[PDB]
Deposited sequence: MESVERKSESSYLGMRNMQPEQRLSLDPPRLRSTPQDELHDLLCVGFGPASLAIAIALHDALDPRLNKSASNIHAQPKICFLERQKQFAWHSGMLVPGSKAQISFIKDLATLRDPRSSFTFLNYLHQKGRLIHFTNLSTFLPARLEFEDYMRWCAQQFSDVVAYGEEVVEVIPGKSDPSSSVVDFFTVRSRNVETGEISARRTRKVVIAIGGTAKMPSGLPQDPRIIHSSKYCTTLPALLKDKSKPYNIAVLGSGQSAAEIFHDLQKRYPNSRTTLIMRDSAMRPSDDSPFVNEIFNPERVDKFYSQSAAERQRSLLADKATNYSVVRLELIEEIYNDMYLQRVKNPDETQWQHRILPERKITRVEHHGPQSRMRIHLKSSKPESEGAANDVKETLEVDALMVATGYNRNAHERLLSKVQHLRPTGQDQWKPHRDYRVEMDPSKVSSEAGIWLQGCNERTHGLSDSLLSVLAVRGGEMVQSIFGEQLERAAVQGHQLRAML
């Protein structure tokens, strides 16, 4: 029902990335066009070759960390055909999911749900295209204002650069792997985001006695550490964390009301200081914390080792708390790197075949992608500043009001902790369609 736009025509909207955030916009646009519920020239560019939701971390048994009611449509309109329940119905799996009695689908299943949603937009999604730059465009070269943008993308397979012109741009590119600055670059040092996809290529013998270290103590680290013990049953795994313990995520109901869609207005209207203080107070809802059930499972596995041998130093799988990595030796043809550990308080060494670095993500890559348009920001800004409707501030003497750039998923500091999650995507997709296409549709 959403038709393609010729690559070389002037688009109304180009979205960089086709993860859940952009997909929720495609769904909301489809729904806003659906006569049952209530065409712009739109495309989406995605570097991956097909839709995939953190495929590097699709570990067996991993569960979504959101109730399925927070899918890409229900909180905006439960009648939408893009709800998780309607997806199940179309797959003939609705009653079977009902008998599961869980709000938390397997990540594999929620990925498939979103894949099923995305498949209905394949005519307007360009996969295998990595946006590399956004550059100013002027319909009249001697005009003093930019009135469109040219987005250049690199073909992930051939490296060819393609160009699309558009009035409006959405940046919804998720996060980039955050790595500790003192770790060297090495094929054996692998960020959590590439665990399932690259670690098997590196360590091909599942039964070989590898020594595998995991750095971190949030959800990525816990899932990898737990999974490694099953994926390489004879390995020796070491969880290295600078905290004293894995800590539980806060799933409690009053605290989690910060994720309600209608809280975005209130959070945004707060002073930067109150926003800073609020984000700090609620950081334990998602960051550096592990779902209690997974902590308890790991704790149980540790206990079973203790039953077999009371000396923890002799355990197959170990946790080294309050440690930090001070040096990595990684040169020469040998298989193992040497990891140097010191206390994380204000030496030990491990020989490892691979280091999984589960140290989280940054959400600042939009600043790099937009560097060739950052001269259009108002003087005195060194970061893009989104308004309540996610449109970034532009110097009006330099940019036409009909052109604009919106950010999605990197606005935690202005819009709250729900900004990078699935939590408010259904509602926000509806807001973005109104903001970007409201006049056009009316």
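Residues of the deposited sequence that lack C-alpha coordinates fall in the stretches 1-29, 68-75, 384-392, 489-501.
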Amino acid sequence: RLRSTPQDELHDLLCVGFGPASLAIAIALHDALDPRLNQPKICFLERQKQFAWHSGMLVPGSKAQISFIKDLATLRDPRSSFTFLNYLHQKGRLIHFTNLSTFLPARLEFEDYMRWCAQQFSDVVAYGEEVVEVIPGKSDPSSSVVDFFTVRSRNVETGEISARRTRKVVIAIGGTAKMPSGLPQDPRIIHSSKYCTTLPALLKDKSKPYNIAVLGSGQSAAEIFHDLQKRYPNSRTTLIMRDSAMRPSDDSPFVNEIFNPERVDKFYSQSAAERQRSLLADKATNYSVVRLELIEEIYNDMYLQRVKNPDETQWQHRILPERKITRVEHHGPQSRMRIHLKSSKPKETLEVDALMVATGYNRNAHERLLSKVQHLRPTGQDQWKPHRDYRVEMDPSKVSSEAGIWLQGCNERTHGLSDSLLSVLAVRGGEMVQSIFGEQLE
From here on, numbers count along this sequence of modelled residues.
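The mean Cα B-factor in the deposited entry runs higher for 145-153 than for the other of 145-153 and 217-225. According to the PDB record, 320-328 carries the higher mean C-alpha B-factor of the two stretches 257-265 and 320-328. Each of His191, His340, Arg115, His366 has a CA temperature factor in the record; the biggest one is found at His340.
By the numbers in the PDB entry, the CA B factor is greatest at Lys345 among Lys345, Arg107, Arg247, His89. Among all modelled residues in its chain, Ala64 ranks in the lowest third by Cα B-factor.
Among the modelled residues of its chain, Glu133 has a C-alpha B-factor that falls in the middle third, as given in the PDB entry. Among the modelled residues of its chain, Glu351 has a C-alpha B-factor that falls in the highest third according to the deposited record.
Per the PDB record, residue ranking by Cα B-factor puts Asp12 in the middle third of the chain.
Compared with the other modelled residues of the chain, the Cα B-factor recorded for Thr98 ranks in the lowest third.
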